[PDB]
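Comments concern the structure below.
Chains as they are written, first to last, in the entry's author numbering: chain A, 16 to 63; chain B, 71 to 209; chain C, 103 to 153; chain D, 306 to 356; chain E, 10 to 389; chain F, 318 to 370.
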């Protein structure tokens, strides 16, 4: 082993507990804040 | 020189050999073979022999005098011949038989259905039949 | 070869000219008894064998 | 059956209705059976059957 | 074929209340209150009030705690009587009754300890699997992921050791519900389809709801051939759907390429899934994936296409389809490019030989990395 | 019973007729195929899309 002592491990000062820790798949698009695709389709039908 | 030597050790494979039966492997370079003269022996295996082919109870050829395992014959020499299926094939069609639809279904299912499918046979917990016994009155 | 290894019912190899034991070849024990244990036999109980 | 050996003996008549249903359940446990399988109705439709 | 304990409709109602929109649902509140009154769940009522900032009806809770203590002391006395003289059987039944009432009232930790002790004493494999199922159902009710995983592994080990195929199929349904919970829709659909004809777990949900869940998971996990051979041509699924016009329309719109109706059905399914407690976490992922699936299905049979035609087919505007296609092409889901000066949707599906060459490069690079690391490590 | 199966027979014959009509072509027009098979352009296009799928 060649433990890289020169580079320190990130400090655990705060070390806040996991918010949700859900383990499904993450994925980027989940971050998006959409507007209720149902409402989107209703608006699309209304505006034709 | 090794390639030369391999070809020169085949003179131990002279034509008048004695067919035998390979029973068990002891050490490698040795084995126990059952000759057709009715006796077993603890004999040496020729180096050039491909040990992948020495399946249990596989036909082998032994030196006439030394009884050394010298060659591995094709899978079966055998005396119980197989149906020639070209001139010994019967001439009875399925149509030549009348009725017996249930019997035909069962027979052609127990020895062809396992050959087919098999992905339904375990799903329901029953095991495929090894054989079929046909019994009934005389004729 | 030590006689203590020449046990009853063991395969041996005898030489050609004069039968002289010179090896103790491997033997097939064939244990047919270690294949019928059913452990505690779970799911076999009076309640379900009712009657 | 000599004393000092296996002497006690227990008899087994042909199974009754409840015994037949239980044996059917036991032997049908390890099989893929569909919803609403009434092995009781099968036992009733199979009267006077043995193991 | 198992007790309705814990009643998962209680979890559904609690989730509905927790949802901001329906926290004022008078009818839902009355139904939950009636259930808790009948079942005498003092710990659960305390927890519900703590979570919802609701006033404590101490008048009811007083008699309710009285009844709970009466029943608990009865069970303890009966257990003591059992252990005094009776050998096994009766004592196990006593512990089972105690734990069952504790679960019915809502004491998570007391119920779990009681069931652990009962399991330790029990030796019948069927009863062990029943205990594991009770624990799995508690874990589903309280979404205790670690408990669910541990109990699933224990049940699998028991079935391996040997167990009834009825319990096997019940475990399949339980695993399917957990998979739906943790967003493993492929395995969820596989298990649900396998157990569509062998469904006996009415303790968890109704058969109609089970078939609806199977349909939903299948149309997202199964390709067109499998969806043809299993779901749409499934006799049992069709029989059940005959009484569910909405779900049948939702499935057949996608299958038959009636895209406007499919979008309407997905619109209603979005609200249904959001209200449902099991799907609520993944009520946007499913909708987005179904939209991607529909777009890909339409594009699979078109080298070139017109945004106007797509908008007409989907019953939407041109701008909406432009936004959706741009987003998905950027994310790398749909294989196509949008031409805007002339509104075309030219398809760009990759060539098989070239895709295979790229995959070979990538995988072989990983393998060669590993082989080089091993060779280096061998000497140092 | 014949009436029950007429719809399926019609679908199968439409499939095979489209295959036979479009066999000797590489960039045939949907309008031409519709004219050859005596069906509407929209119906022919939809059926061809389903067949490609």
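Where a beta carbon is used, it is the ideal one built from N, C-alpha and C, also for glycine.
Interface flag, residue i vs chain B, CB-CB below 8 Å
i: residue 128 (chain C); result: yes
i: residue 337 (chain D); result: yes
i: residue 142 (chain C); result: no
Closer than 8 Å to chain C by CB, residue i
i: residue 112 (chain B); result: yes
i: residue 135 (chain E); result: yes
i: residue 97 (chain E); result: no
i: residue 170 (chain E); result: yes
i: residue 132 (chain E); result: yes
i: residue 96 (chain B); result: yes
i: residue 115 (chain B); result: no
i: residue 102 (chain B); result: yes
CB-CB length for residue i against residue j, believed under 8 Å
i: residue 292 (chain E); j: residue 279 (chain E); result: 6 Å
i: residue 134 (chain E); j: residue 185 (chain E); result: In fact, because the Cβ distance is near 22 Å, the residues do not count as touching under 8 Å.
i: residue 74 (chain E); j: residue 212 (chain E); result: Actually they are not in contact, since the Cβ atoms of residue 74 (chain E) and residue 212 (chain E) sit about 28 Å apart, beyond 8 Å.
i: residue 326 (chain E); j: residue 34 (chain A); result: About 37 Å separates the two Cβ atoms, so there is no contact after all.
i: residue 88 (chain B); j: residue 131 (chain B); result: 7 Å
i: residue 268 (chain E); j: residue 322 (chain E); result: 5 Å
i: residue 320 (chain D); j: residue 153 (chain C); result: 7 Å
i: residue 354 (chain E); j: residue 314 (chain E); result: 4 Å
i: residue 294 (chain E); j: residue 337 (chain E); result: Not a contact, Cβ separation roughly 14 Å.
i: residue 145 (chain E); j: residue 124 (chain E); result: Actually they do not touch by this definition, with Cβ atoms about 11 Å apart.
i: residue 180 (chain E); j: residue 164 (chain E); result: 5 Å
i: residue 369 (chain F); j: residue 361 (chain F); result: The Cβ separation is near 13 Å, so there is no contact.
i: residue 250 (chain E); j: residue 256 (chain E); result: 6 Å
i: residue 331 (chain D); j: residue 138 (chain C); result: That belief does not hold up - the Cβ atoms of residue 331 (chain D) and residue 138 (chain C) are roughly 19 Å apart, past 8 Å.
i: residue 339 (chain F); j: residue 350 (chain F); result: 6 Å
Neighbour flag for residue i against chain A, beta carbons, 8 Å
i: residue 159 (chain E); result: no
i: residue 326 (chain E); result: yes
i: residue 297 (chain E); result: yes
i: residue 113 (chain E); result: no
i: residue 191 (chain E); result: yes
Proximity test, Cβ basis, 8 Å: residue i and chain D
i: residue 173 (chain E); result: yes
i: residue 150 (chain C); result: yes
i: residue 221 (chain E); result: no
i: residue 195 (chain B); result: yes
Minimum Cβ-Cβ distance from residue i to chain E less than 8 Å
i: residue 122 (chain C); result: no
i: residue 336 (chain F); result: no
i: residue 132 (chain C); result: no
i: residue 56 (chain A); result: yes
i: residue 104 (chain C); result: no
i: residue 119 (chain C); result: no
i: residue 347 (chain F); result: no
i: residue 52 (chain A); result: yes
i: residue 145 (chain C); result: yes
i: residue 340 (chain D); result: yes
i: residue 369 (chain F); result: yes
i: residue 366 (chain F); result: yes
i: residue 16 (chain A); result: no
8 Å Cβ cutoff, residue i in contact with chain F
i: residue 262 (chain E); result: no
i: residue 368 (chain E); result: no
Exercise for review: Check distances from the C-beta atoms of the stretch 264-288 of chain E to those of chain A and list, in chain order, the residues that come in under 7 Å.
Suggested key: 272, 276, 279, 280
Check your understanding: Which residue spans inside the stretch 14-83 of chain E form an unbroken alpha helix (DSSP H) run of at least 4?
Key -> With a minimum length of 4 residues, the continuous alpha helix (DSSP H) runs that stay inside the stretch 14-83 of chain E are 17-27, 35-48, 51-61.
Check your understanding: Touching or not, the stretch 358-378 of chain E and the stretch 104-112 of chain B, by the rule of three or more beta carbon pairs under 8 Å?
Key -> no
Point to revise | Residues from the stretch 307-333 of chain D in contact with chain C, defined by Cβ distance under 9 Å | key: Of all residues in the stretch 307-333 of chain D, those with a C-beta nearer than 9 Å to a C-beta of chain C are 320, 321, 322, 323, 324, 325, 326, 327, 328, 330, 331, reading in chain order.
Check your understanding: Per the contact definition of three or more C-beta pairs closer than 8 Å, is the stretch 144-160 of chain E in contact with the stretch 100-110 of chain E?
Key -> Segments in contact, no.
Exercise for review: Assess, as a yes-or-no matter, whether the stretch 107-115 of chain C is touched by the stretch 191-200 of chain B under the definition of 3 or more beta carbon pairs within less than 8 Å.
Suggested key: Touching, no, given that fewer than three Cβ pairs across the two stretches are closer than 8 Å.
**Study point:** Touch test, the stretch 315-327 of chain E against the stretch 48-60 of chain E, Cβ-Cβ under 8 Å, three pairs minimum
**Key:** The stretch 315-327 of chain E vs the stretch 48-60 of chain E: no contact.
Practice item. For the stretch 26-39 of chain E and the stretch 137-144 of chain E, state whether three or more C-beta atom pairs, one from each stretch, are separated by less than 8 Å. Key: Too few Cβ pairs lie closer than 8 Å, so no.
Review point. Can you find at least 3 beta carbon pairs, one from the stretch 75-87 of chain B and one from the stretch 140-159 of chain B, that sit closer than 8 Å?
Key: Put simply, the stretch 75-87 of chain B touches the stretch 140-159 of chain B. At least three CB pairs are less than 8 Å apart.
Check your understanding: Given 8 Å as the limit, is there contact between the stretch 205-217 of chain E and the stretch 337-346 of chain D, that is, 3 or more CB pairs closer than that?
Key -> yes
Practice item. Taking only beta carbons into account, state which residues of the stretch 200-227 of chain E come closer than 7 Å to chain D, listed in chain order. Key: 206, 207, 208, 209
Point to revise | Contact residues within the stretch 24-40 of chain A, judged by C-beta distance below 8 Å to chain E | key: 37, 38, 39, 40
Review point. For the stretch 165-183 of chain B against the stretch 107-127 of chain B, are there 3 or more C-beta pairs whose distance is under 8 Å?
Key: no
Check your understanding: Looking at C-beta atoms only, is the number of pairs between the stretch 185-192 of chain B and the stretch 110-130 of chain C that lie closer than 8 Å three or more?
Key -> no
Review point. Pairing CB atoms from the stretch 50-67 of chain E with CB atoms from the stretch 85-99 of chain E, are three or more of them under 8 Å?
Key: no
Check your understanding: Using 8 Å as the threshold, is the stretch 260-270 of chain E in touch with the stretch 186-196 of chain E, meaning 3 or more CB pairs across them?
Key -> Not touching, per the Cβ criterion.
Check your understanding: Taking contact to mean at least 3 C-beta pairs separated by less than 8 Å, is the stretch 369-382 of chain E in contact with the stretch 342-350 of chain E?
Key -> For the pair of segments examined, the stretch 369-382 of chain E was found not to touch the stretch 342-350 of chain E: the number of CB pairs separated by less than 8 Å stays below three.
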